[PDB]
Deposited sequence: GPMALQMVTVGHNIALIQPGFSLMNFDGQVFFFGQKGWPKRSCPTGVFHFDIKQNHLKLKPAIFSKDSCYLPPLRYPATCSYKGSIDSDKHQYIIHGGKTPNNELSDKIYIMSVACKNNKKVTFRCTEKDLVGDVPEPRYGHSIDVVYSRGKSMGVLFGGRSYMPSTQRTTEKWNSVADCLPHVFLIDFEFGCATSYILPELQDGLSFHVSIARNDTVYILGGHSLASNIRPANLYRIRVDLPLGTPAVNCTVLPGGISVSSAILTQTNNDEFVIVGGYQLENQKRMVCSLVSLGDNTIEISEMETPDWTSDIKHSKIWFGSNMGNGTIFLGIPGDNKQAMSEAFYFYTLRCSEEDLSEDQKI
């Protein structure tokens, strides 16, 4: 809705597609920097401080017991609750996929210079696989919080992976991994509703259900207008997860999801297909067992954006959307950036 071109001159080159913002008590934090962490910010996590619509990436630091995680681009970022961000998968700047989980909590807040605890979490049980473009989102069944990890892109399995098609990605087997974090375990669930691998799909967990929206399936190269609803029921014993392919789903990929109000998210941006990006921001108003994908007032998209073949971003967290578009000339102006404040 409220579009405003952001300015950043220093550390701009670090904002690459696949970056993942994390809202920690209003303080927005960049992650997924371009390249490996430089000694300016050896962590790769930055304060995403937009003042007067000028963006400053302030080098953040980590805890001592922290795991200095790699800059993961296109990982699965959720908020477990503490308010620690789960980060699964992602492309290590070596174009390696991370099987690791990274629970980035905030350990200490001083100067508004926040120290992080990027605790590595290993996944006992059914480790999903090294993947990216996937979704992780915590459901809350019976007071038990459990990450729901739905597939994204992964490199071909090392058995089928060839160097002539090394970086060839396949949408992971569409499975719903129940990542337990108090148990560090993951449990895959082959849902018959999810048989077309997805990636770069916006995912919305409200209480116990994860609305998987849009996405892209390489097995089809289409962005299916699907709205899978993965309802998770966690009894004390073996869990349960049931998907229901609801209608009204939108065909969008790489979309950004920001919660404007409680149970009212905005799926802005993304892609309807390759050379046609979703320039129509959508509203997703949720309920206990319902979901409505409206079509918000298409923002005053700048010509730079309307004509930007590629466009990426992440949910700053409050109601805002950081949104970058390649504006390169070939050069610390590769990506012209914008903030879309919704409500």
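Asker: Identify which parts of the deposited sequence carry no C-alpha coordinates, going from the N-terminal end onward.
Answerer: 1-2, 84-89, 339-340, 354-363 are the stretches of the deposited chain that have no C-alpha coordinates in the structure.
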